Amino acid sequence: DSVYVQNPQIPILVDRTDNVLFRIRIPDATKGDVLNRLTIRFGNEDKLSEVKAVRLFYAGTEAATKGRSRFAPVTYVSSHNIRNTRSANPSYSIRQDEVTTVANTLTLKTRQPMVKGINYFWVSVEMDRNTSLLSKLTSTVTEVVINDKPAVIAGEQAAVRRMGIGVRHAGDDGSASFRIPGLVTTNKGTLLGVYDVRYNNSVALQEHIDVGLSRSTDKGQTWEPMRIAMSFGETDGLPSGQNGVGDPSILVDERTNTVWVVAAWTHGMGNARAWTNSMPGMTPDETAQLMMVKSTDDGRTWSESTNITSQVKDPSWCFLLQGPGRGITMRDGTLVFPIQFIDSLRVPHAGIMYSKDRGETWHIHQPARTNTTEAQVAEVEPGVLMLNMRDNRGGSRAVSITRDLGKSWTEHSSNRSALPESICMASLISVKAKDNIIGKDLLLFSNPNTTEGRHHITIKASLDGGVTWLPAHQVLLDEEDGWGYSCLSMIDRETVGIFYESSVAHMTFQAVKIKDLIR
């Protein structure tokens, strides 16, 4: 009979006990058939001394109504189960074999009698906790033996597998979930990742939500314990569940290395979504408040929050907040945070908010585009800001240019064409020629590369200021289902970091060589 193999392009987490290397479907088994041996081969230059162990699991059969093309009956390693996100659910997968000394050829064994029809097995890889985030595996199933006969192998399994690290898992420090990533590199090379700490569940404001921060001084190989960057606990004697703060955006003031976090504080509003329940006005009791904290010590400690609402919110707006992810420093020292507001008629608009005085005062001019929400901004050329926007019309990112900090806007050539989306947050950054190994100005963009669902998390690079995104200049990181938000920061001259919601952890960090993007 014929055997099918999948090598899923998902991150192998260095901090996990189990990671799916291969999924295998045996579609047409006779009752009693036994998978005696499976052989995997790794590429000659793979660093197999970083592989702690490889495992073969059996996961039984398929439901009668689910057809014959799936590679599994269920998620093998959960990213949501607060009681276990790090190993295979033992109730879905039974270990058959384990090898703890991994060579270029590897054989795994089973004595499990198969059921009639579909049978599922899969290969777990466990990595050394100190595995280089830049390391890659090129693994293939080369032989599968059933009843002492080699079987015909089919399936696309030629993926070059990448490493990652689960910075936050569901359930960490008692929190149900973590959402809405932001990432910057400080002037010291320190990585700062921000996110919602969603304690009770995974719904947005209003709820019990604080802004968490994870700090790495070693390019993401290690992360310090979670800091609360921003929190309103029981302000004015209202429950913490009616005092949430979230959808954070973080920037480094590149002139001072002062780090800024802006977030939306909801005060009251029962247990309902702020998106529909934030109302016109200015006071905390009336409307969502635009709040900021700062760190003068490379993200170790955080100021008390300052309320910036009165400086920038039109009273008639239902809701003003930051675009989640990150802000920028411009070449002339202006600090810029993307923003979004819901007007009196409940129409959302993306725009920008800027400070020319090191974050003392903030200003908003004109919206970029009707019916847009979350946006990220890059200085594509000197004094020239590119706004890349989530568009409620569906299908594709909106792209506008301002050269007057949003007093006026022009559509970009790439607007509503060049970058597919499913209506989801996306990351965009600029990289100066002198600041990277290619020696050319780059734009780097990340989002779920699809018009439906949130999957195929992809980094794209542009060499012509975001006019063109050539297919060759793209790295697929995560082809499976997630919440889809992502944020990019250059780690060093050679490597871009991505902090994102993945199929494998709520907050996932990966590092990618620029030379893999632009060959």
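Counting begins at 1, following the sequence as shown.
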property	result
Entry-level comparison of average CA B-factors, 318-326 and 406-414, reporting the higher stretch	406-414
Stretch with the greater mean C-alpha B-factor as recorded in the entry, comparing 372-380 against 351-359	351-359
Out of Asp343, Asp247, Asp97, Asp210, residue topping the C-alpha B-factor column of the entry	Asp97
Peak C-alpha temperature factor (PDB record), options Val261, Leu419, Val115, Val399	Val115
Ranked against its chain, the third holding the CA B-factor of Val496	lowest
Ranked C-alpha temperature factor of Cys424 among modelled chain residues, by third	lowest
B-factor third for the C-alpha atom of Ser486 within its chain	lowest
Among modelled residues of the same chain, the CA temperature factor third for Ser175	middle
Third of the chain, ranked by Cα B-factor, where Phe71 sits	highest
